[PDB]
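> Below you'll find the sequence and an experimental structure to go with it.
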Amino acid sequence: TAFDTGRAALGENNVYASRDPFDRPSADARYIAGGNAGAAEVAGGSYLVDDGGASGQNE
Amino acid sequence: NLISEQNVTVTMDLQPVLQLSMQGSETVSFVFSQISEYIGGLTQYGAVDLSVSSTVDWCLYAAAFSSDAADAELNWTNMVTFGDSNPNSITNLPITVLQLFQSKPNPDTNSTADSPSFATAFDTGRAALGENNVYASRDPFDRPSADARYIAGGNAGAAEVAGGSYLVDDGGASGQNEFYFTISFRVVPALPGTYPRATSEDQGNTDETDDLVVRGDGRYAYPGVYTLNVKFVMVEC
Amino acid sequence: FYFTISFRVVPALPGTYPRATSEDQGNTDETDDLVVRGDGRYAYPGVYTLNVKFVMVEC
Amino acid sequence: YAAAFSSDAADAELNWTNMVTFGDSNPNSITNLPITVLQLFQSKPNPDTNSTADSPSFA
Amino acid sequence: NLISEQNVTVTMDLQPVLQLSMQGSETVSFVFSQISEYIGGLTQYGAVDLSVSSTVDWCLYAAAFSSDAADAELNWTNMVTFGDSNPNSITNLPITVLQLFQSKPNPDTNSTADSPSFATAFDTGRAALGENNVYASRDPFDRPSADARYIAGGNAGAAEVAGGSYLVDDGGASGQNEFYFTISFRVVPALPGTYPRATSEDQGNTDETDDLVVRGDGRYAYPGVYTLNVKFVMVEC
């Protein structure tokens, strides 16, 4: 979600804070491009190669 | 769709510019020593001029204040009491006594009082009673009512003059013509000692006379000296 | 391969911006100053922010 | 190319991001300034341009 | 558990913003040439106004200093001595003579002196003796005591006003109402030549009169000119 003004959103853009950033965050945390469980994952690929998600910035 | 980008952040601030530049003498002194001066009073022409520089809509007004006016009684500040004593003499002169004449009418006026501004020329005798009297208030730091007198503006949000500067050549020519107001002072006492041109203090705009003969029918101003301060205030509209 | 860009903003003494144009394409000629919008409006005193992105794309 | 974006521009209204409002209030004052206000000058014309708009570049 | 990572370092600085913008005339001149001026004194309205921009809790006070005040004697700086000589004439005028009036009371005050700030209106004669007198100090670069006069703050860490800016519309409306203080100067000499409104110099807030008749019972101010400097200082709380 886009940046909001004032005390309206309170969570949709805040960063994920952790005292140990070298383990998988909980399922209720924020993942940029994935999911905690073994079923919420994105397929392997490369940004340079023209994958299903167009090529370059798109995927 | 390879992307290489660079971003620059632009910050624009429109700081408000509010300037009221006054030229003239910060002390205006009226000295009465001749009989003619007592009966007719000093008329001072072009005592103070005001120039306005602004960015937003502005309204300029003139208010009158004194030490006495701070305690809800709008009378002049008695300064020295010449003489010994007189039962039929009161040292309580109305603040409204001072009369002002403006060289222009109100540019954008929306009012229907006795006179929206000090536009009309000075009159003689008890004829006008309000068209040139000053606006008296016990608190000159708030917007006067819509029936009061504004020099270059109006109380409501629709009676305002556009922003500009007197130096710049605006729609109203340039210089004295639009954003430049010259004010002339006049006080007329009477030979008996009364002030037949004083008006009320509730609004400072009404017509009913507030001279000393109204108060006592035989009173007159005590010999001495008195002080009054005039504030020219411009407020964003 | 070296482009130098100079910025300029021209407000007006009343407070309008007579050089603003449309937003449909950003290239048209029709003026979008505040007098077009209201005929008596002017910019409120204050501060405002805008971001500029220089983007290069493969052709 | 160069594009202009702001927090307001994210919601289909291409106006500058109001930041602080100096002053109290005015009915005839609007805090909605066009994004197009900013003007840019480029030191060169477009090297390879194929367009017929008002002006292909900030030349 | 193969790991590929990239790190970015974020540095945030909150630089303190402390701005005191004064509008008016940096020279305030009182000229006494008439008898009325001598007995009652010039009262100047709206001489200097102060606007405060701040990020943290701040307290604003006004102190008075002079060349003489640098050597532990808080008297005005004698400038020129008009006349020849007089045994019963002393050129040592109290710094406390100058009187200041503030348009507002102290927003957050925790004090029980004669008057926490210059809030009360100007008084006439020997009646108030402290409610409008200036704060005199031989070193104006430290926090005055809790019994002194603060324009917009308090000595302790609990009597402070929140950070803000006069331009921005804060809780206290916007503009003149909260972060904008207008100060009016007034000095009242006497026809004999004394200053019946002068107070002590130990705190500058006490009530005991420090006029010349207290010092000698027949002294009066020597004809001439004198100088005094006023410092408006804002300090983080």
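Great, that's in hand. Numbering: from 1, shown residues only, chains lettered A, B, ... in the order given.
> so residue A:56 sits right up against residue B:4, yeah?
No. Using Cβ atoms under 8 Å, residue A:56 is not in contact with residue B:4; the gap is 11.0 Å. For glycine as for every other residue, the C-beta is placed from the backbone atoms N, C-alpha and C.
> more neighbours, those two?
residue A:56 (15 against 9; other Cβ atoms under 10 Å in any protein chain shown).
> Please identify the helix or strand for that one.
Under DSSP states H and E, no helix or strand contains residue A:56.
> show me what contacts it?
Applying Cβ atoms under 8 Å, 6 or more residues apart in numbering or on different chains, we find residue A:56 in contact with A:47-48, B:1-3.
> Could I get the phi/psi values of it?
For residue A:56, the backbone dihedrals (degrees, to the nearest 10) come out as phi 100, psi -120.
> again with residue A:43
phi -70, psi 150.
> Pull up the residues of chain A that are close to chain B.
Residues of chain A lying close to chain B (Cβ under 8 Å from any Cβ of the partner chain) are A:54-58.
> Grab the nearest non-local neighbour of the residue in chain A that chain D sits nearest to.
Proximity of chain A to chain D (Cβ to the nearest Cβ) peaks at residue A:2, 4.6 Å away. Distance criterion Cβ to Cβ, 6 or more residues apart in numbering or on different chains; nearest residue to residue A:2, sequence neighbours excluded, is residue D:10 at 4.6 Å.
> Assumed that neighbour was part of a helix.
Yes. Under DSSP: H, G, I helix; E, B strand; the rest coil, residue D:10 sits within a helix.
> any idea how far chain B is from residue A:46?
Going from residue A:46 to chain B by Cβ to the nearest Cβ, to the nearest Å gives 13 Å.
> And residue A:4, by the same measure?
19 Å.
> Assumed that residue was part of a strand.
No. Assessed with three-state DSSP, residue A:4 is coil; it does not lie in a strand.
> does it really touch residue A:12, like I thought?
Yes. Using Cβ under 8 Å as the test, residue A:4 is close enough to residue A:12 to be in contact (7.0 Å).
> returning to that earlier point: ok now do the residue of chain A closest to chain D, which residues does it touch?
If you count contacts by Cβ under 8 Å, 6+ apart, then residue A:2 has D:7, D:10-11 around it.
> swap the cut-off to 10 Å and go again
The contact partners of residue A:2, taken as Cβ atoms under 10 Å, 6 or more residues apart in numbering or on different chains, are A:9, A:12-13, D:7, D:10-11.
> same thing with residue A:37?
The contact partners of residue A:37, by Cβ under 10 Å, 6+ apart, come to A:24, A:27.
> Can you list phi and psi of the residue in chain A that chain E sits nearest to for me?
Taking Cβ to the nearest Cβ as the measure, chain A has residue A:22 as its residue closest to chain E, at 7.7 Å. Note on residue A:22: backbone dihedrals following degrees, to the nearest 10 are phi -110, psi 20.
> Excluding chain neighbours, what is closest to it?
Closest residue in space to residue A:22, ignoring its immediate chain neighbours: residue E:3 at 7.7 Å, by Cβ to Cβ, 6+ apart.
> What's the separation between the one you found and chain C?
Taken as Cβ to the nearest Cβ, the span from residue E:3 to chain C is 31 Å.
> Strands of chain A, residue ranges please.
Taking DSSP state E as the criterion, chain A carries no strands.
> so residue A:27 sits right up against residue A:40, yeah?
Yes. Here residue A:27 reaches residue A:40: they are 8.5 Å apart, a contact under Cβ atoms under 10 Å.
> what about stretch A:33-52, start to end distance?
Using Cα to Cα, to the nearest Å, the end-to-end distance of stretch A:33-52 comes to 16 Å.
> err, stretch A:7-26, not the other one
26 Å.
> Over to stretch A:17-33?
Using Cα to Cα, first and last residues of stretch A:17-33 are 17 Å apart.
> With stretch A:34-51 instead?
This stretch, stretch A:34-51, spans 17 Å end to end (Cα to Cα).
> Tell me how far that stretch lies from the chain's centre.
11 Å (Cα atoms, centre = their mean, to the nearest Å).
> For the residue nearest to residue A:2, list the residues it contacts.
Per Cβ under 10 Å, 6+ apart, neighbours of residue D:10: A:1-3, D:17.
> got it, and residue A:1?
A:9, A:11-13, D:10.
> and residue A:18, what does it touch?
Neighbours of residue A:18 in contact, by Cβ under 10 Å, 6+ apart: A:25-26, A:29.
> Just the ones of these in helices?
Counting by DSSP state H, the contacts of residue A:18 place none of their members in helices.
> so residue A:16 touches residue A:36, yeah?
No. Residue A:16 is not in contact with residue A:36 according to Cβ under 10 Å; the separation is 12.0 Å.
> and for these two, which residues touch both?
Among the neighbours of residue A:16, those also in contact with residue A:36 (Cβ under 10 Å, 6+ apart) are A:25-26, A:29.
> Endpoint to endpoint, stretch A:15-27 covers what distance?
Terminal-residue distance, stretch A:15-27 (Cα to Cα): 15 Å.
> before we move on, what about stretch A:36-49?
Stretch A:36-49 stretches 26 Å from its first residue to its last (Cα to Cα).
> what do you get for stretch A:6-20?
With Cα to Cα as the measure, stretch A:6-20 spans 30 Å from end to end.
> now stretch A:1-17
19 Å.
> Over to stretch A:44-55?
For stretch A:44-55, by Cα to Cα, the gap between its terminal residues amounts to 14 Å.
> Residues touching that stretch, excluding its own?
Defining contact as Cβ under 10 Å, 6+ apart, one finds that stretch A:44-55 is touched by A:42-43, A:56-59, B:1-2.
> Which pair of the residues you listed spans the longest distance?
Using Cβ to Cβ, the pair of the contacts of stretch A:44-55 lying farthest apart is A:43 and B:2, separated by 21.0 Å.
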